[PDB]
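K.L.:
For reference, the structure I am asking about is given below.
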Amino acid sequence: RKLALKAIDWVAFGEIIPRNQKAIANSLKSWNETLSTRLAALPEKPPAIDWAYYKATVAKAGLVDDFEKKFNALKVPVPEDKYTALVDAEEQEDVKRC
Amino acid sequence: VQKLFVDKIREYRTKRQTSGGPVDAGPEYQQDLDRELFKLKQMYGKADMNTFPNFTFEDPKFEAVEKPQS
Amino acid sequence: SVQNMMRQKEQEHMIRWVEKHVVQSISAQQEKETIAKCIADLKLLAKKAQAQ
Amino acid sequence: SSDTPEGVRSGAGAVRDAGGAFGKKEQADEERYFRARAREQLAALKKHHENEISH
Amino acid sequence: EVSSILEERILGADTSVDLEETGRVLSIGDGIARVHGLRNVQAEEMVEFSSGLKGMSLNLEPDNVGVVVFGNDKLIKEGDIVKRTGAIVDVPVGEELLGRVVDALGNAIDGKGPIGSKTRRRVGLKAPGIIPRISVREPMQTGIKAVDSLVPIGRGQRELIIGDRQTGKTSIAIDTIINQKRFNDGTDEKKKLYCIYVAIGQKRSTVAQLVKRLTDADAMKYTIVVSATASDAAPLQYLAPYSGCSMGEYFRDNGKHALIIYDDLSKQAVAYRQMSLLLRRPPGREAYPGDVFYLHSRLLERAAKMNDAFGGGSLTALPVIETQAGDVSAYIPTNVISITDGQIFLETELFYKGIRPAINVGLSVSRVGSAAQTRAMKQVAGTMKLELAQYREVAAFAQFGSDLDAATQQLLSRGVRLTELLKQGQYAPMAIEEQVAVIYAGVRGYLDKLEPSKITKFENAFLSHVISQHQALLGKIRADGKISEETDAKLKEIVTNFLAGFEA
Ligand SMILES: Nc1ncnc2c1ncn2[C@@H]1O[C@H](COP(=O)(O)OP(=O)(O)OP(=O)(O)O)[C@@H](O)[C@H]1O
Ligand SMILES: [Mg+2]
């Protein structure tokens with residue numbers, strides 16, 4: 001899999017200082033603690049699919065193996081990254097204003 | 001007791017010779033295990049015999065806000 | 001869960017036929033009773049030599 | 001007695017379960033006090049103005 | 001291939017003839033057979049009747065022998081034949097029983113298959129003496145914040161769970177089975193634990209709900225359950241405590257560790273009283289026989305901490321005892337109190353006042369003391385035990401107190417907030433490194449300004465923080481065992497950083 005690190009969420013990242021908007025900065029740290037535990041719930045690799053024991057234990061053949069032939073060569077397309085760029089776009093304009 | 005033993009082995013092989021399946025069960029064992037599995041498959045799940053599952057999921061729209069500083 | 005559950009249904013129905021069918025088959029074997037006495041005592045002849 | 005697990009110890013709500021003098025003095029004091037609060041809460045409940053227009 | 005395995009068994013069966021030492025039946029009634037004959041039976045020897053039931057001969061009288069029946073007496077007619085087996089009662093034992101449901105005699109009731117155990121063991125063995133024992137030092141982790149703080153349990157101690165009906169006596173002994181999953185899937189061989197659970201006279205539907213609770217938490221691959229239910233005969237609820245120690249002594253004899261739970265021992269003294277008064281034995285106080293102390297003593301003395309010359313094994317015993325109206329001064333609640341080491345006294349008043357688990361720490365003791373706590377837990381809980389004990393002196397001033405000294409207002413202020421740390425939901429057992437951090441947040445003084453209703457919400461927020469963002473500190477209290485000066489400062493800014501921005 002792939003996993004990149006981050007910076008320290010210690011002093012600055014919870015003190016964004018909006019117009020008395022400490023609640024929006026508090027919600028920003030609350031998403032990092034939730035997703036890091038959901039990443040700690042499941043590993044990077046899933047379980048392995050034993051194919052040889054499937055043929056003998058489910059030995060009524062045809063209908064068992066045809067689903068196991070179609071679901072084996074499938075693909076899982078992850079969601080889009082369209083909102084990933086526009087949120088990073090407003091950081092470029094505000095850093096020029098800061 | 002071996003002569004009693006092979007008498008048992010004879011009656012297992014006449015029980016092997018089947019053409020209609022359950023001879024002594026009748027409708028009693030046929031209505032039971034058909035209703036027993038369907039009562040258990042209702043607790044198990046509605047899945048087909050060969051339909052492989054495939055779907056997709058929608059991630060959250062990462063929105064932004066404004067904050068005027070400097 | 002269907003291939004292994006239904007196997008136990010005819011595993012019990014197998015023995016449900018035999019043990020009611022043995023007693024109707026050995027009830028007329030009185031010609032086998034005259035050797036059943038003659039095979040018992042030779043095991044007893046084998047048995048009484050153990051303590052002696 | 002009570003300075004060990006073996007001996008008898010008293011719980012909460014043991015004056016009313018006895019039913020003596022203090023158990024009867026407590027029931028007639030919760031009633032003679034909350035009888036006057038059924039007066040002041042019912043007299044001020046007649047001060048709804050919409051009912052008076054119906055009157 | 002269903003016909004082939006049935007033909008396989010009957011040729012593999014043994015049909016051989018033997019001798020016997022039989023004796024006719026005189027008078028069967030209420031589950032006590034009187035047999036005339038059987039001139040060479042030992043005491044407590046298993047016989048078997050003509051129908052198929054088995055029997056254990058308890059009274060060796062001159063002209064007859066009194067044999068209890070393992071079943072129902074409607075199949076025993078006067079004039080039957082009582083053959084002899086020739087052996088005292090023995091149970092299968094080994095590693096193969098792990099993850100099965102067994103009755104009091106080792107048969108399989110869950111319907112997976114027969115036990116493949118190659119060994120066999122008697123149930124009437126003795127305890128080890130004084131020489132093969134050593135003092136208890138290792139901790140047995142329960143996972144309850146009030147047990148490991150104030151009434152600890154070592155690995156070889158007997159601890160009694162005493163209380164009334166419906167106060168969470170079964171639930172305290174059901175998450176102690178769940179909590180040992182974190183060691184039982186790892187690598188450290190001398191920290192694993194094995195749990196056995198004995199149900200004595202409960203209904204079959206309750207045991208069928210508790211196996212599913214332990215199947216859900218993936219905690220039925222190292223647990224055995226011995227079920228002698230309510231419908232089963234009166235002597236099968238007598239053997240079943242002694243049929244579990246014989247499975248918990250195979251792990252003590254071979255250098256391993258174990259745990260056993262008797263649920264409950266107050267239904268064994270009743271199933272044994274019925275067997276006595278039907279055999280015409282002299283009664284005593286509350287119609288119990290003269291040897292009900294000798295019934296429970298030689299079952300709890302089999303729990304021992306062995307030394308290194310014999311293997312280093314252990315056996316830990318937790319018996320459950322149900323009192324009636326909170327009177328521990330009855331007959332059986334005073335036998336088992338004077339045998340064991342300490343009690344955990346769950347009240348019913350604290351259960352409805354919000355304190356759950358409702359452990360009364362005023363009456364709960366443990367006489368192995370602080371010698372079974374780790375060095376981290378011992379340092380913080382030694383002041384907490386002194387702090388809570390000063391609160392219980394002044395609990396009677398809380399209902400009308402505002403005109404008191406500022407020390408007394410402080411003693412009330414810390415006692416309420418230490419109590420909220422002790423409450424805990426069901427089926428959530430914690431770790432010792434997470435337990436010591438929450439106690440350290442409270443006993444130092446970092447909570448006397450937070451509102452007493454928020455102490456639960458603050459704790460669930462703080463624990464999920466330090467698991468993900470301070471994982472490298474909870475590996476230097478788990479592996480170190482103690483809490484040093486480097487970790488004392490490192491934990492100090494953590495609870496000051498979280499408390500500063502908390503309310504959001
Ligand atoms: N920590 C807890 N918090 C809240 N509820 C609990 C807790 N522990 C147990 N309970 C509840 O208490 C109820 C009864 O508990 P439990 O059956 O363990 O008591 P018991 O005295 O062992 O029962 P019995 O009297 O049948 O032996 C259960 O319904 C359970 O949901
Ligand atoms: Mg219970």
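Each chain in the structure tokens gets a letter, A, B and so on, in the order shown; residues start at 1 in every chain, and ligands are counted from 1 in the order they appear.
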Counting only C-alpha atoms, collect the residues of chain E whose closest atom lies at most 10 Å from chain D, and write them out as a PDB file with N, CA and C atoms, in the first residue's frame.

P.N.:
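Output below, filename out36.pdb:
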```pdb
ATOM      1  N   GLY E 326     -28.175 -10.024  51.687  1.00  0.00           N
ATOM      2  CA  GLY E 326     -26.902  -9.491  52.142  1.00  0.00           C
ATOM      3  C   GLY E 326     -26.426 -10.008  53.483  1.00  0.00           C
ATOM      4  N   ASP E 327     -26.827 -11.215  53.856  1.00  0.00           N
ATOM      5  CA  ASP E 327     -26.410 -11.835  55.108  1.00  0.00           C
ATOM      6  C   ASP E 327     -25.296 -12.818  54.778  1.00  0.00           C
ATOM      7  N   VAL E 328     -24.052 -12.403  55.023  1.00  0.00           N
ATOM      8  CA  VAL E 328     -22.904 -13.281  54.828  1.00  0.00           C
ATOM      9  C   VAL E 328     -22.637 -14.180  56.019  1.00  0.00           C
ATOM     10  N   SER E 329     -23.419 -14.058  57.092  1.00  0.00           N
ATOM     11  CA  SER E 329     -23.233 -14.846  58.303  1.00  0.00           C
ATOM     12  C   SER E 329     -24.068 -16.117  58.297  1.00  0.00           C
ATOM     13  N   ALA E 330     -24.403 -16.626  57.117  1.00  0.00           N
ATOM     14  CA  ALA E 330     -25.118 -17.886  56.988  1.00  0.00           C
ATOM     15  C   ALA E 330     -24.125 -19.036  57.100  1.00  0.00           C
ATOM     16  N   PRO E 333     -22.074 -19.070  53.219  1.00  0.00           N
ATOM     17  CA  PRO E 333     -21.254 -17.851  53.134  1.00  0.00           C
ATOM     18  C   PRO E 333     -20.205 -17.637  54.216  1.00  0.00           C
ATOM     19  N   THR E 334     -20.159 -18.444  55.273  1.00  0.00           N
ATOM     20  CA  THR E 334     -19.055 -18.361  56.222  1.00  0.00           C
ATOM     21  C   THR E 334     -18.039 -19.472  56.074  1.00  0.00           C
ATOM     22  N   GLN E 343     -12.517 -11.004  49.394  1.00  0.00           N
ATOM     23  CA  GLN E 343     -13.830 -10.994  48.768  1.00  0.00           C
ATOM     24  C   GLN E 343     -14.025  -9.716  47.966  1.00  0.00           C
ATOM     25  N   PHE E 345     -17.259  -7.481  47.129  1.00  0.00           N
ATOM     26  CA  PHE E 345     -18.629  -7.404  47.618  1.00  0.00           C
ATOM     27  C   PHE E 345     -19.437  -6.426  46.777  1.00  0.00           C
ATOM     28  N   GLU E 349     -27.506  -1.481  46.209  1.00  0.00           N
ATOM     29  CA  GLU E 349     -27.792  -0.062  46.374  1.00  0.00           C
ATOM     30  C   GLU E 349     -26.933   0.793  45.452  1.00  0.00           C
ATOM     31  N   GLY E 362     -15.199  -0.550  50.540  1.00  0.00           N
ATOM     32  CA  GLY E 362     -15.113  -0.457  51.987  1.00  0.00           C
ATOM     33  C   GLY E 362     -15.004  -1.817  52.650  1.00  0.00           C
ATOM     34  N   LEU E 363     -15.575  -2.842  52.023  1.00  0.00           N
ATOM     35  CA  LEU E 363     -15.618  -4.180  52.592  1.00  0.00           C
ATOM     36  C   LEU E 363     -14.814  -5.194  51.797  1.00  0.00           C
ATOM     37  N   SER E 364     -14.258  -4.809  50.656  1.00  0.00           N
ATOM     38  CA  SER E 364     -13.480  -5.704  49.813  1.00  0.00           C
ATOM     39  C   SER E 364     -12.018  -5.645  50.228  1.00  0.00           C
TER      40      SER E 364
END
```

K.L.:
Check every protein, DNA and RNA residue against ligand 1, keep those with an atom at most 10 Å away (counting only C-alpha atoms and all ligand atoms), and present them as a count of residues only.

P.N.:
38

K.L.:
Dump as a PDB file with N, CA and C atoms, in the first residue's frame the residues of chain C that approach chain A to within 10 Å, counting only C-alpha atoms.

P.N.:
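The file below, part_20.pdb, is the result:
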```pdb
ATOM      1  N   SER C   1     -22.420 -24.743   4.340  1.00  0.00           N
ATOM      2  CA  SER C   1     -23.514 -24.814   5.306  1.00  0.00           C
ATOM      3  C   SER C   1     -24.764 -25.487   4.745  1.00  0.00           C
ATOM      4  N   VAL C   2     -24.799 -25.789   3.450  1.00  0.00           N
ATOM      5  CA  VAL C   2     -25.843 -26.641   2.896  1.00  0.00           C
ATOM      6  C   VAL C   2     -25.300 -28.031   2.572  1.00  0.00           C
ATOM      7  N   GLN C   3     -24.029 -28.125   2.170  1.00  0.00           N
ATOM      8  CA  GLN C   3     -23.461 -29.424   1.818  1.00  0.00           C
ATOM      9  C   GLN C   3     -23.118 -30.252   3.049  1.00  0.00           C
ATOM     10  N   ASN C   4     -22.813 -29.603   4.175  1.00  0.00           N
ATOM     11  CA  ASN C   4     -22.426 -30.346   5.370  1.00  0.00           C
ATOM     12  C   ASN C   4     -23.577 -30.486   6.358  1.00  0.00           C
TER      13      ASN C   4
END
```

K.L.:
Distance limit 9 Å, atoms considered: only C-alpha atoms. Which chain E residues sit that close to chain B? Return them as a ChimeraX atom specification.

P.N.:
/E:3,6-7,10-11,15-16

K.L.:
Could the residues of chain E within 10 Å of chain C, counting only C-alpha atoms, be given as a PyMOL selection string, please?

P.N.:
chain E and resi 1-3+5-6+17-19

K.L.:
Please, which residues of segment 15-52 of chain C, numbered as in this document, come out helix (DSSP H, G or I) from DSSP, as a PyMOL selection string?

P.N.:
chain C and resi 15-21+33-51

K.L.:
What lies within 10 Å of residue 33 of chain B using only C-alpha atoms, ignoring chain neighbours under 6 positions off, as a count of residues only?

P.N.:
4
